[PDB]
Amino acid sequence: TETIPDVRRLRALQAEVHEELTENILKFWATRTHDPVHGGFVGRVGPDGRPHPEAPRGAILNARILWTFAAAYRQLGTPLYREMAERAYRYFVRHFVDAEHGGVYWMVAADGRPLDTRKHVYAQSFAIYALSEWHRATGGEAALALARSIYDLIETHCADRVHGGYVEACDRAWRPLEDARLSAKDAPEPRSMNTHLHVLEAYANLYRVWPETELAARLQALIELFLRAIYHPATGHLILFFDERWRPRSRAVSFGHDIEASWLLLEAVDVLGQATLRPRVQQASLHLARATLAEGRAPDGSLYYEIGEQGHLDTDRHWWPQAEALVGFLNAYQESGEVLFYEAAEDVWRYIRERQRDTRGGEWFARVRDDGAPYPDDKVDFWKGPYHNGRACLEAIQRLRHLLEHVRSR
């Protein structure tokens, strides 16, 4: 017997999500971030809302801008979104794409000159994800060919064929780095859940527009790696860092990554159409969602940030785990039929509106303290694009559309 929120409630939530996406998030990005000096988009916007057109620009950020406007154009049709995606795409191919060695640089100066030429797999993945989405939105052939080329370079220079998975960073000419850390925050270990989750994400979107046989095998191997080595059935959490043989080298827990993975793993297995693997993926997915429900939430329904290596709970609410919880909890409801997950989705949405959203300055606060106080962090930077929250809104709109259809037409 189906337990489903009534039509008024589903439609009201869907409407609020659409309003937030179009009138806050995408409006902010389309108006505040374009740079008419160097083209493209600024690399940073400060806490006061001031853009910085001369700040260094990251590949991940720019791929995220491309992905978000491409996906929004595809789903909503608004011409402004195609215009913004095109703007992101042209700068991306001009400056981030290495025309000689292939793949994308980590960071360029505002004028486009390469600043940090490392080829990090996390950044290569976002390039694939964004380029494939731009192809899905516009049918561009160069974009798809480029996404394919980057896939090839990852497999050639990074795949670990003894152990499964990938070396996570190389230099410009694809010679492996000893230091594959994304940032000073990350453990200096050779394998991370974080990078591998985004490889999976990218490969799934690529497979959508280019269903190559070998890609299906690599995508399947990635799903299997998650089930065997990364997801921990005793705890319902993803292990964060490993050695090359996937021996755990971390005890931290990241609620945001758990709940993001909960829906991304199912998206990937469904893009493949891998019916044999689905039940086990579904089981892991629901477990991740339940563990997040039980351990990662404040009494207001928002998500805490992490439990660190020494056990400390970081109670800060970062913007992106809230976004991922919206999608992951709605997904858990769709999978299980258990309305407690819808209730959790509603609770995090109310938190997003009442605390995470920056009503004064536009967009969403990067971080809000446990007492409700916003931190004066940058509004846009290397690590904060429009992708987590933009995607979360697009996903919720579509998932709610499907739930609304459970009232059969007569």
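So that there is no doubt, residue numbering starts at 1 and follows the sequence shown.
Colleague: Which is higher in the entry, the mean Cα B factor of 50 to 58 or that of 34 to 42?
Modeller: Result of the comparison: 50 to 58.
Colleague: Averaging only over Cα atoms, indicate whether 282 to 290 or 187 to 195 has the higher B-factor in the PDB entry.
Modeller: 187 to 195 has the higher mean C-alpha B-factor.
Colleague: I'd like to know which of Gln322, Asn331, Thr235, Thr276 has the highest C-alpha temperature factor in the PDB entry.
Modeller: Highest C-alpha B-factor among the listed residues goes to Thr276.
Colleague: In terms of CA temperature factor as recorded, identify the highest of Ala143, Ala202, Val269, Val339.
Modeller: Each of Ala143, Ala202, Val269, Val339 was compared by C-alpha B-factor; the highest is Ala143.
Colleague: What third of the chain, by the recorded C-alpha B-factor, contains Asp378?
Modeller: Middle third of the chain for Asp378's C-alpha B-factor.
Colleague: How does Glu168 rank on Cα B-factor within its chain, lowest, middle or highest third?
Modeller: Its C-alpha B-factor, which the entry lists for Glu168, ranks in the middle third among residues of this chain.
Colleague: Among the modelled residues of its chain, does the C-alpha B-factor of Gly385 lie in the lowest, middle or highest third?
Modeller: As the PDB entry reports it, the C-alpha B-factor of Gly385 lands in the lowest third of its chain.
Colleague: Considering every modelled residue of the chain and its Cα B-factor in the PDB entry, is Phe255 in the lowest, middle or highest third?
Modeller: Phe255: CA B-factor falls in the lowest third of its chain.
Colleague: Would you mind ranking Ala130 by its C-alpha B-factor against the rest of the chain and naming the third, lowest, middle or highest?
Modeller: Lowest third of the chain for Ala130's C-alpha B-factor.
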